[PDB]
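One chain follows as structure tokens, the form deposited without guanosine-5'-diphosphate.
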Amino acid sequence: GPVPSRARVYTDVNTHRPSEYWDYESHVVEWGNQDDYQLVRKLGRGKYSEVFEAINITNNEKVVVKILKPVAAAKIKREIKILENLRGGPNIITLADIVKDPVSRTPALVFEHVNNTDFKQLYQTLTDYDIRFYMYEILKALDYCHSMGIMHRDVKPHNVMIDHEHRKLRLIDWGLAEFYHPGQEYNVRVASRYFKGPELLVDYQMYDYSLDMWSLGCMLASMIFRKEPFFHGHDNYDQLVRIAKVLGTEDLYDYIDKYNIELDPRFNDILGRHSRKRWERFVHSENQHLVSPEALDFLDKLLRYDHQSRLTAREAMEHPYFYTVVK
């Protein structure tokens, strides 16, 4: 069977905390009043939730209302507990209220309003300095949630809200977030296809906070090389092939050997043989200004098959790539 794995940082944060911190099913929801809010317009509808721009009539302030679909309403206590535990933390979205929808029974989460929408809208037009600046801001949020014993598990450009005018950033959508418990086997059906770590693609369930660091590495490669997404898989199997064409097959097989990971037999005839490519191969005249030896060294230390070898959020913050950022 597979060889066990544990996080190399914040390993036992939840073992010491009182049961109330991580036992989300025991949490008692003190519901608010739905009538205090007026919906203005639908911002979007996904497979699990619906988001609206709204106004709190009790104080004239602008809010964001997220209504849960009945199918995704099962783990609402988990998302509430995580949001309350992280409230006030650096670059973390603030939960202001929890109400029930008027027509349907389903819970609705109320948040602070954040200007300029999606990270994806701006992340392909940033200067070198701005990529460095915003990467440091995301790292503050990830080190904070990891230090609090929580994995985000859905890091991607659509989940980062940036107010470019005020040089402000917020990490949103904590619907897939989970408490890290050493030795626990988690569900591998998390994160968006292009941002899934190799541990999810090979069905290795004993993963940790380092999953978020692979997703962050995917975001960095897309920004500095102007290629969105960087790893463009057709499905979950082709996603691993796309990765293998860059990182090579030798390091992939060394990874499955280290943790005694059983590979799906459908990978035998699609993986092939590939050597580790130099990051300089993705450099061209149109993206050369966004690339530096520091950027390539940093990217190389994030995008590693072995989840235990990747830089942690705190080590990433120490990298020379961030020396030019004003602190």
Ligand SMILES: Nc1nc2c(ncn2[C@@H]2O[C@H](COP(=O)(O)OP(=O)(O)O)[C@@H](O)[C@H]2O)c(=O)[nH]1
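We number the residues from 1 along the sequence you see.
Keep in mind the form solved in complex with guanosine-5'-diphosphate is missing from the figure; the text below concerns it.
When you look in the deposited complex, the only residue of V246, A96, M206, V190 with a non-hydrogen atom within 4.5 Å of guanosine-5'-diphosphate is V190. Looking at guanosine-5'-diphosphate in the deposited complex, residues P90, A141 and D143 place no heavy atom within 4.5 Å of it. Interface membership of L68, defined by any non-hydrogen atom within 4.5 Å of guanosine-5'-diphosphate in the deposited complex, is confirmed. Contact check for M148: no non-hydrogen atom falls within 4.5 Å of guanosine-5'-diphosphate in the deposited complex. Although the partner is absent here, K196 is not a contact residue: none of its heavy atoms lies within 4.5 angstroms of guanosine-5'-diphosphate in the deposited complex. Among heavy atoms of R153, some come within 4.5 Å of guanosine-5'-diphosphate in the deposited complex. Taking guanosine-5'-diphosphate as it sits in the deposited complex, the stretch 61-97 comes within 4.5 angstroms of it through a non-hydrogen atom at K66, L68, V71, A72, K75, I76, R78, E79.
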